[PDB]
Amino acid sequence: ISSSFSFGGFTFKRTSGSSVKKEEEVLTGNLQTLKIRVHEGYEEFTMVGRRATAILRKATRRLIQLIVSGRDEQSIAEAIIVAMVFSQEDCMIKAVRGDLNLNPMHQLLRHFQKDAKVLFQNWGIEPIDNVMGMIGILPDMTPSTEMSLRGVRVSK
């Protein structure tokens, strides 16, 4: 499996861990069957885009943590969407609200890039502690000191 690759306009580089691929069929939130390569394992990545930078920890169909820095709200949102799709989480699969048309991961990404409101509302939030250098981000992509999208923090 490749150590560096591109997804959603971000260069990903695996800095720790490894995964194996297992083909699985998942049911989307539009009741469509999708055949995807699910990655199994613990991994850490960097993400570098033109307008945002992040560190992503993940496990099998599970986002662990995304620490993201970006130029503005929109640029941060772009990184979050890519990370949420990349995670392969079921809540992301179940947030699909269209029939998808081609690589299935790319179709998922394009769908959420078009409108991420259901993705962000269904993802979940959590309370956060005041940690120096970080802040929370709400489903509407605005900041909060007290709560954040689950597993997501913004570097500031």
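In this text, residue numbers run from 1 along the sequence as written. Only the largest set of C-alpha atoms that superpose within 1.5 Å between the two forms is called the rigid core.
- Relative to the displayed structure, the C-alphas of 127-135 lie farther away on average in 4 other deposited structures of this protein than those of the other candidate, with 127-135 and 45-53 compared after rigid core superposition.
- Between stretches 91-99 and 112-120, greater average Cα displacement in 4 other deposited structures of this protein relative to the shown form, fitted by the core, falls on 91-99.
- Count the deposited residues lacking coordinates between residue 101 and residue 102 and you get 4 to 9 of them.
- With 24-32 and 62-70 compared on mean CA B-factor from the PDB entry, the stretch scoring higher is 24-32.
- The mean Cα B-factor in the deposited entry runs higher for 102-110 than for the other of 102-110 and 120-128.
- Of the candidates 97, 51, 57, 39, the PDB record gives 51 the highest C-alpha temperature factor.
- For residue 154, the recorded CA B-factor ranks within the middle third of the chain. Only modelled residues enter the ranking.
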